[PDB]
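Take a look at the structure set out below.
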Amino acid sequence: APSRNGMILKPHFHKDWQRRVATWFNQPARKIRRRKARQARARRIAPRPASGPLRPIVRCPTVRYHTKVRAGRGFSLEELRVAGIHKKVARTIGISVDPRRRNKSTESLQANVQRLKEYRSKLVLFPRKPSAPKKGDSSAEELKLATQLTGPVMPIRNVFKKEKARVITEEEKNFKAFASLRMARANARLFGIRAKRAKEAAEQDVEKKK
Amino acid sequence: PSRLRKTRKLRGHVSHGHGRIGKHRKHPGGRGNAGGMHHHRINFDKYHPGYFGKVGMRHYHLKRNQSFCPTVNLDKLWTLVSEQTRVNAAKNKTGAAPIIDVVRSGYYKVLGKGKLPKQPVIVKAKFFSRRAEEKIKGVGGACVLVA
Amino acid sequence: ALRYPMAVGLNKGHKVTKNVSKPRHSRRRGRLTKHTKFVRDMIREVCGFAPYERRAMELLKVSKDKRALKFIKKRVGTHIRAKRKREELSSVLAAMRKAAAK
Amino acid sequence: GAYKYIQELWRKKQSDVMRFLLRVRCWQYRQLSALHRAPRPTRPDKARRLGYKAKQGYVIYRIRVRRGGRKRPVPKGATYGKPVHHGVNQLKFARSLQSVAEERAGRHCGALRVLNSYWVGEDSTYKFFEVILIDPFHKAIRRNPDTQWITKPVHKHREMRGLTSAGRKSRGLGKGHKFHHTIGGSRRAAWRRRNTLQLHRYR
RNA sequence: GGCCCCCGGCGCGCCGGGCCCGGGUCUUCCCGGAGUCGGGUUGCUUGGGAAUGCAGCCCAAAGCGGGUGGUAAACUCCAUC
RNA sequence: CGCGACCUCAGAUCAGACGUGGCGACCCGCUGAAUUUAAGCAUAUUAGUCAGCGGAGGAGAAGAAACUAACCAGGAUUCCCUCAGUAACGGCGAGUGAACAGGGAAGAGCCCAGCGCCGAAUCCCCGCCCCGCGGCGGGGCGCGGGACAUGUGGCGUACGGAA
Ligand SMILES: [Mg+2]
Ligand SMILES: [Mg+2]
Ligand SMILES: [Mg+2]
Ligand SMILES: [Mg+2]
Ligand SMILES: [Mg+2]
Ligand SMILES: [Mg+2]
Ligand SMILES: [Mg+2]
Ligand SMILES: [Mg+2]
Ligand SMILES: [Mg+2]
Ligand SMILES: [Mg+2]
Ligand SMILES: [Mg+2]
Ligand SMILES: [Mg+2]
Ligand SMILES: [Mg+2]
Ligand SMILES: [Mg+2]
Ligand SMILES: [Mg+2]
Ligand SMILES: [Mg+2]
Ligand SMILES: [Mg+2]
Ligand SMILES: [Mg+2]
Ligand SMILES: [Mg+2]
Ligand SMILES: [Mg+2]
């Protein structure tokens, strides 16, 4: 029974929940296990970045996130095609490739080509045998580093372009933003009917002739 | 800390602070929010006016990020930028006015609470209030819409 | 007179240049192939027509073509499938009519 | 190629030809036992799309299944309980008849490992099916690398666990908004995830 | 820290086999899983609401089609598999 | 009234293989209550929960979009944090109740049928030799059997592919 003021509150402890309580006494033991396993995987992939493969830059979806930029899942085929890396090979040099990515705008594409180009510059492809054929880099850039790269490879940093102080032309000052927005709202709202009434009026003008 | 709790001080006394006329029985009201309409009604309708009943429109697949529009007041617009933009300005003598990209700092709308200091600006933002616009103009600045 | 890009209204959103890529090969599925067409109609002269199809042809002949569609919708399910079927049946019926006139 | 023809013909099931044949097949099948090993696949085409291959150690049992729904096995009515659960007649099994068909083929030939099934007709009383089975221990399967996944002992009794194409369908899993139940492994697992008090160390 | 066993795992040599295994550029061809989808339905199920998912029964497809696009339907553009 | 092909079917203590029961903490498929709550109770709730049956593995299941979205767009599955006790359901009462985005753990992608080309170019079992043999394999040689054109193998599968 409720007594004088309080949130009329609904707890969800009506099922047999104590049968399915999940404690976290693992977690330290877990955290270590991951960490060992992590250090092992590094050591196995000896001069290769611990990170993984290189991954594309990509914008988030939705109005909310929109402005931010992450690492994506893998580079698109167009981006590999333009960079000039054979897709089947790109996997073998540590370049993530997804093939389900569309590519809508050319601003996101050229950026991601630039990424791969830069990667290919600062990559040290070892030759297959110790005897050195084409592609494989010099023994200088090899002895000076068979070094792993700690952290994510060529990390993405969401960055801003500084706008210098303008002078405010008599035109910026002239603008009526709030009004403009109200107008722009109503024209989206009313576009469709306006077009139907105009289509009606056009039919009335043609009907007047016959 | 049981040490501090009340049951330590109740030891010895019969009823354990629950009285002996009426006792501590199991669920004398009913369990939980039972009787909202009948027999607990008065509490509900003098501390939760409007619990019972429907109202307004349903909306099936609500996704909150569509309606994302965090606001900021003129009150503290200059807070977004380093003091030395607001200082290199009220100085300078070009009549420059520094830009304030509000969307960079994580606010989409610019609403209009507060006095804005007499010092020109260019506020870039997704949305503006009417008053926020007006105040900005009165300072001697320019609102700027961005996508 | 100052056309700032807006986040709201008709020609809204961030103004970005569009690449016009090759459309994915996945998108061309169901496109009727010359050899598949031949197979399809090669079998429509072996197997012939279904019973409901035949009944609809008889309605269409009579020029009672709404009742034909009402029948096909109840039979097939949707309107759009029923309409697309009624056109096929009307095409078949026409190519019989052209074939008879010789 | 002939298979595409066959395929398109079999889609004309209301046709005069295929209806004749289906009636004659279905008569014939009805006049045999509920489970018999077909010497070759009634539908060669279908079998290939489902992964049959006309080599040794692929088998095909044609299995009959009784049709219609599932009446509640309780004496008289007497589903004693709240009258939500009073139903006995108009209620319906979760798995399909085709799955039941496979499950029975699987039951019978324990060594054999159910791959996949297809349909061959239906009377009022029965349905008919054709379950492709495989020996996991016939060298021609063992040594062929592309099949030797079935010889692994995780694939014991696929049909029993809800893992053939048919018995997958009851589980109610696909990508996208039309699912969510089964957004872990399976129906049961999501419930499990959703009804765990995760009780953290620090809270 | 030591010695002794054994076993693993990886490094080099020899033999036996297999193995003549690319990429871009322009042309000519090639292309998709049916009693399934879909509909009606009844019963269970779901937060899923003029049907979220699974079922039985009846109907029962197409190929610039088909599916999705969280309010039933028709017209219509788009998007997306 | 024979002999011979094949088809569909039998029988063998025929040659050689496999399956059967157990365990069940975790896992997959079915099946499925009622105490209970609602201060009564029938829908609801308890709960797709206990009991019931089935089948597994060292994990299982899931998984390479008939996906999300509606953005300047993301890009298999699983797991955690969040979303969120929210959208929604509900004698709109009791009560119940997800998903996308965002940040992480991890990270890996592939193969058929078909359509086509290639003298079936493929597979299984016999038998003789050389090695190897306590996870029955390699190489060679047999007019030695069989499977297979009612389609085996190489190329190839939507991220396009072939010539
Ligand atoms: Mg990582
Ligand atoms: Mg007290
Ligand atoms: Mg007392
Ligand atoms: Mg009292
Ligand atoms: Mg009840
Ligand atoms: Mg289905
Ligand atoms: Mg329910
Ligand atoms: Mg709608
Ligand atoms: Mg067992
Ligand atoms: Mg009660
Ligand atoms: Mg009571
Ligand atoms: Mg009572
Ligand atoms: Mg329930
Ligand atoms: Mg149990
Ligand atoms: Mg598995
Ligand atoms: Mg799939
Ligand atoms: Mg997802
Ligand atoms: Mg909150
Ligand atoms: Mg529930
Ligand atoms: Mg082939």
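Since every read-out is calculated from the coordinates, none of them should be taken as a lab result. Ideal geometry is used to build each Cβ from the backbone, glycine not excepted, and the neighbour counts take in all protein chains shown.
For segment B:44-117, the Cβ-based charge dipole about the Cα centre amounts to some 100 debye (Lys, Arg positive; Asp, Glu negative; other atoms uncharged).
Using only Cα atoms and rounding to the nearest 10 degrees, what angle (0 to 90) does helix A:177-209 make with the longest principal axis of chain A? Here the helix axis deviates by roughly 60 degrees. In straight-distance terms, cross-link reach from A:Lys117 covers every one of the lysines whose alpha-carbon lies under 24 Å from its own, apart from those fewer than eight places away in the same chain; here that gives A:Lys68, A:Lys87, A:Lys88, A:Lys104, A:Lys134, A:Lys135, A:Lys144, A:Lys161, C:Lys18, C:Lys22.
Put simply, when A:189-195, A:98-104, C:5-11 are sorted by average Cβ atoms within 10 angstrom per residue, most first, you get C:5-11, A:98-104, A:189-195.
Only one residue of D:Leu97, D:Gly69, D:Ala38 has its Cα farthest out toward the positive end of the dipole of segment D:1-139, where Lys and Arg carry +1 and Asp and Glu -1 on Cβ, and that residue is D:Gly69. Only DSSP H runs of four or more residues enter the estimate; each adds -39500 (n - 2.57), and after division by the residues of chain D the mean residue ellipticity at 222 nm equals -9000 deg cm²/dmol.
Only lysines eight or more places from C:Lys64 in sequence, or on another chain, were considered; those with a Cα closer than 17 Å are C:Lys73, C:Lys74, C:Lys83, C:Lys85.
Stretching A:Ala46 away from A:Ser3 to a fully extended chain increases their span by 8.8 nm, per 0.36 nm per residue minus the current alpha-carbon distance.
If you take the Cα atoms of chain A, find Rg, then find the Kirkwood Rh from the mean of 1/r over all pairs, what is Rg/Rh?
On the way: Rg = 29.9 Å, Rh = 24.8 Å.
Checking Rg against Rh, the ratio lands at 1.20.
For the pair C:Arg81 and A:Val206, a Förster radius of 22 Å applied to the C-beta separation gives a FRET efficiency near 0.05, rounded to the nearest 0.05.
Scanning chain A for GluC sites (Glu not before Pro) in DSSP loops with at most 11 neighbouring Cβ atoms within 10 Å leaves A:1-169 as the longest stretch between them.
Trypsin sites (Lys or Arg not before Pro) within segment C:1-44: which are DSSP loop residues with at most 11 other Cβ atoms inside 10 Å? Passing sites in segment C:1-44 are C:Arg3, C:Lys15, C:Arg24, C:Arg29, C:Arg31. Across the options C:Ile80, C:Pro51, C:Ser26, the greatest Cα extent toward the positive end of the charge dipole of chain C (unit charges at beta carbon of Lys, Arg, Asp, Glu) belongs to C:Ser26.
Go ahead and estimate [θ] at 222 nm for chain C from helices alone: -39,500 (n - 2.57) per DSSP H run with n ≥ 4, summed, over the residue count, rounded to 500. Can you show the working numbers first?
Working: 4 runs with 56 residues, N = 102.
That calculation yields -17500 deg cm²/dmol at 222 nm.
Basic side chains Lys and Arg get +1 at the Cβ, acidic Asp and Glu get -1 at the Cβ, and with that the dipole of the protein assembly as shown about its Cα centre reaches some 2000 debye. Pairs of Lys residues in segment D:1-114, spaced 8 or more positions apart or belonging to different chains, with C-alpha separations under 24 angstrom: 12 in total.
Dipole magnitude for chain A: about 1040 debye, using +1 per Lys or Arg Cβ and -1 per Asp or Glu Cβ, origin at the Cα centre. Convex hull volume per residue, computed on the Cα atoms of segment D:68-191, equals 176 Å³.
DSSP assigns beta bridges within the protein assembly as shown; of those with both partners inside it, close to 55 percent run antiparallel.
Peptide D:184-196 has a mean of 1 when you count, residue by residue, the C-beta atoms of other protein chains within 10 Å of its C-beta.
Semi-axes of the equivalent ellipsoid of the protein assembly as shown: what are they in whole Å, largest first, if each equals the square root of 5 times a C-alpha gyration tensor eigenvalue? Write down the numbers at each step before the final one.
Working: eigenvalues 653, 390, 314 Å².
Its equivalent ellipsoid spans semi-axes of 57, 44, 40 Å.
From its DSSP helices (H runs of at least four residues, each -39,500 (n - 2.57)), chain A gives a residue-normalised ellipticity at 222 nm of -13000 deg cm²/dmol.
Between exposed chymotrypsin sites (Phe, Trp or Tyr not before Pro) in chain B, where DSSP calls loop and at most 15 other Cβ atoms lie within 10 Å, what's the longest gap? Write out the running numbers ahead of the final one.
Working: sites that count: B:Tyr51, B:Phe52, B:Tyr60, B:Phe68.
The longest such stretch corresponds to B:69-147.
In peptide B:118-128, how many Cβ atoms from other protein chains are near each Cβ within 10 Å, on average?
Numbers: counts 0, 0, 5, 2, 7, 1, 2, 2, 5, 6, 4.
Rounded to a whole number, the mean comes out at 3.
Pair-distance distribution of chain B: all C-alpha pairs, bin width 5 Å, starting at 0; shares per bin in whole percent are 2, 7, 11, 11, 8, 6, 6, 6, 6, 7, 7, 8, 7, 5, 3, 1, 0, 0. Angle, helix D:16-30 long axis vs. longest principal axis of chain D, Cα atoms, 0 to 90°, nearest 10? Approximately 70 degrees, to the nearest 10. Between the residues B:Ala96, B:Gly29, B:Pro70, the greatest Cα displacement towards the positive end of the dipole of chain B, with unit charges on the Cβ of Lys, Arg, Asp and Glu, is found for B:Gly29.
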